[PDB]
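Enquirer: Below you'll find the structure I mean.
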Amino acid sequence: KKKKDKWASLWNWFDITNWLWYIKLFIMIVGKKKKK
């Protein structure tokens with residue numbers, strides 16, 4: 001966000017964009033497999 005290169009920061013956010021979607025399903029798969 002801050003500092004020079006405003007696009008550079010947004011370019012990195014790309015990977016994070018889907019990352020947030022992976023961290024959700026990931027934990028969902030781990031818990032399930034954990035079973036009761």
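Following the order of the structure tokens, first chain is A, next is B, and so on, with residues numbered from 1 inside each chain and ligands from 1 in the order they appear.
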What parts of chain A does DSSP call helix (DSSP H, G or I)? I'd like the answer as a VMD selection string.

Expert: chain A and resid 6 to 34
